[PDB]
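>>> sequence and experimental coordinates follow.
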Amino acid sequence: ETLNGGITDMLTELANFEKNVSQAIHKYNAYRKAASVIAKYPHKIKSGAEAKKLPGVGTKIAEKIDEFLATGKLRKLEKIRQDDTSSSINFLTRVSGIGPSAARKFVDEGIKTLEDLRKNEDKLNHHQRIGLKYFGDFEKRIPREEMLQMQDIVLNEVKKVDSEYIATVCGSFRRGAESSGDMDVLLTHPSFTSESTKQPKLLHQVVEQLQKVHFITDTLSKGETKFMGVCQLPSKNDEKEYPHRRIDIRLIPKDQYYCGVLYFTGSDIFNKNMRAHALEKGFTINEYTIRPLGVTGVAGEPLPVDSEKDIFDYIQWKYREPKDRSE
DNA sequence: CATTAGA
DNA sequence: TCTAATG
Ligand SMILES: [Ca+2]
Ligand SMILES: [Ca+2]
């Protein structure tokens, strides 16, 4: 957590680069187990060799380990940090539509800059366009204070179209976050469930609602279960407009909310931990269902849920307010 | 780990 | 169809 940090961060930095800047899935996959193991070790690794004893740590990772150690720095690390091409790549990727293949691509195209990207808007697809269009507003945070107004509105329209609509503003927000990076709506409807062969419109209805009303303003990505876009808060009696926010609406089968519901809200560790427990408590949890174990090794049969509580009632835990779902 | 775009 | 990018 700190006695081997440098070895890990040095290492991720090492992974990360092979990933993106180069096609080294492997080497990249390399720095990652290693950077994970050394992450675990209880003692200060004082040498490469020591380190090398570990699993996943061949001649390779060790080498850099010693250099890191001796000297407060690394060459490879110093060189990339310096590498414009590669810098470019890290940069472009900040672009909501651009991933590794792209960035590497424009880069070879000669587009490395934000500006460069503007000059060639044509080269960018719809996503990459919006992405290019709300770059400043993509990077900023969504004050809960805004999350606040934002949630309301959306619950506002949803109830409107249909009163049988259940949605929730899942995530860190849900969990008190003084700030959130984007809004996330987990939506269901009784007439939608595992089998009852859809009703895309079930999704589509709201989409159009939030639209007609202006809140939605663009479309990043629409599907019949997974909407992905942009939104905005009605700029008041002027002088203070709102910035552009990402947002994502998603349809779910009444019969699998609470999990999914439980499930997104995290925290990342709260999930895993409540989850581990469930193993003891003879159960099987996952984003959509909870299943009771069977000695044979594994078992099937998704228990019936009704609200967050049911999941809990089952593994015999303390109902936890999302509030304190931090871990 | 699943969905959507898009070519 | 597959590949890509997001969660
Ligand atoms: Ca080894
Ligand atoms: Ca990006």
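Looks like it came in fine. Numbers count the residues shown, from 1 in each chain, chains lettered A, B, ... in the order given. Ligands and ions are numbered 1, 2, ... in the order given.
>>> mind checking the SS state of residue A:202?
Following DSSP: H, G, I helix; E, B strand; the rest coil, we place residue A:202 in the helix state.
>>> separation between it and DNA strand B?
Distance of residue A:202 to DNA strand B, given as CB to the nearest atom of the strand, to the nearest Å: 12 Å. (Each C-beta comes from the backbone N, C-alpha and C, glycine too.)
>>> same question for residue A:45.
In terms of CB to the nearest atom of the strand, residue A:45 sits 30 Å off from DNA strand B.
>>> what sits against that residue?
A:4, A:7, A:38, A:51, A:65 (CB atoms under 8 Å, 6 or more residues apart in numbering).
>>> strands of chain A, residue ranges please.
A:142-143, A:166-169, A:179-180, A:183-189, A:216-221, A:228-231, A:247-253, A:283-286, A:289-292 (DSSP state E).
>>> which outside residues touch the last one?
So that's strand A:289-292. A:256, A:259, A:278, A:282-285, A:299-303, A:305, A:311, A:314.
>>> one more: the fourth one?
In this structure, residues lying in contact with strand A:183-189 by CB under 8 Å, 6+ apart are A:142, A:147, A:150-151, A:154, A:158, A:162, A:164-171, A:173, A:199, A:202-203, A:206, A:231, A:245-254, A:256-257, A:260-261, A:264.
>>> thinking again about what came up before, nearest to DNA strand C, of the contacts of strand A:289-292?
residue A:259 (15.2 Å; CB to the nearest atom of the strand).
>>> and chain A, which residues reach ligand 2?
Contact residues, chain A versus ligand 2 (CB under 5 Å from the ion): A:93, A:98.
>>> can you give me the helices in the stretch 101-250 of chain A?
A:114-119, A:126-133, A:135-139, A:144-161, A:200-212 (DSSP state H, counting those that start in this stretch).
>>> so residue A:258 sits right up against residue A:302, yeah?
No: counting by CB atoms under 8 Å, residue A:258 does not reach residue A:302; the two are 11.7 Å apart.
>>> looking at those two, which is more packed in?
Each of residue A:258 and residue A:302 has its neighbours counted (other CB atoms under 10 Å); residue A:258 has more, 23 against 16.
>>> ok, now which ones touch the more buried one?
Residues near residue A:258 by CB under 8 Å, 6+ apart: A:305, A:306, A:307, A:308, A:310, A:311.
>>> now the second one. Its backbone dihedrals?
Read it as residue A:306. Taking degrees, to the nearest 10, you get phi -130, psi -20 for the backbone angles of residue A:306.
>>> list the contacts of it.
Residue A:306 touches residue A:258, counting by CB under 8 Å, 6+ apart.
>>> if you set the cut-off to 10 Å instead, what comes out?
A:257, A:258, A:313 (CB atoms under 10 Å, 6 or more residues apart in numbering).
>>> for ligand 2, see how far away the second one is.
When distances are taken as CB to the ion, to the nearest Å, residue A:258 and ligand 2 turn out to be 32 Å apart.
>>> same thing with the last one?
Residue A:313 sits 41 Å away from ligand 2, going by CB to the ion.
>>> now, which of the contacts of residue A:306 lie within helices?
When the contacts of residue A:306 are checked against helices (DSSP state H), the matches are A:257, A:258, A:313.
>>> OK, contacts around the closest residue to DNA strand B within the stretch 201-327 of chain A?
Nearest to DNA strand B, among the residues of the stretch 201-327 of chain A, is residue A:223, at 2.1 Å (CB to the nearest atom of the strand). Neighbouring residues of residue A:223 by CB under 10 Å, 6+ apart: A:200, A:203, A:250, A:251.
>>> look at the second one and say how many residues are nearby.
If you count neighbours by other CB under 10 Å, residue A:203 ends up with 23.
>>> so who does the closest residue to residue A:96 other than its chain neighbours touch?
Leaving aside its chain neighbours, residue A:96 sits nearest to residue A:131 (3.0 Å; criterion: CB to CB, 6 or more residues apart in numbering). Residues counted as contacts of residue A:131 (CB under 10 Å, 6+ apart) are A:94, A:95, A:96, A:97, A:98, A:117, A:124, A:125, A:138, A:220, A:230, A:246.
>>> phi, psi of the third one?
Okay, so that is residue A:96. Per degrees, to the nearest 10, the backbone of residue A:96 is at phi -40, psi 50.
>>> that one - how many residues pack around it?
Neighbours around residue A:96, by other CB under 10 Å: 20.
>>> and the first one, by the same measure?
Applying other CB under 10 Å, we find 13 other residues in the vicinity of residue A:94.
>>> my guess is it contacts residue A:139, does it?
Yes: counting by CB atoms under 10 Å, residue A:94 touches residue A:139, with 7.3 Å between them.
>>> filter the contacts of strand A:183-189 to the buried ones?
Listed as buried from the contacts of strand A:183-189 are A:142, A:147, A:150-151, A:154, A:158, A:165-171, A:173, A:202-203, A:206, A:231, A:245-254, A:256-257, A:260-261, A:264; burial here means 16 or more other CB atoms under 10 Å.
>>> roughly how far apart are the nearest residue to residue A:4 once chain neighbours are set aside and ligand 2?
Once flanking residues are discounted, residue A:4 sits nearest to residue A:38: 5.4 Å by CB to CB, 6+ apart. Distance, residue A:38 to ligand 2, using CB to the ion: 29 Å.
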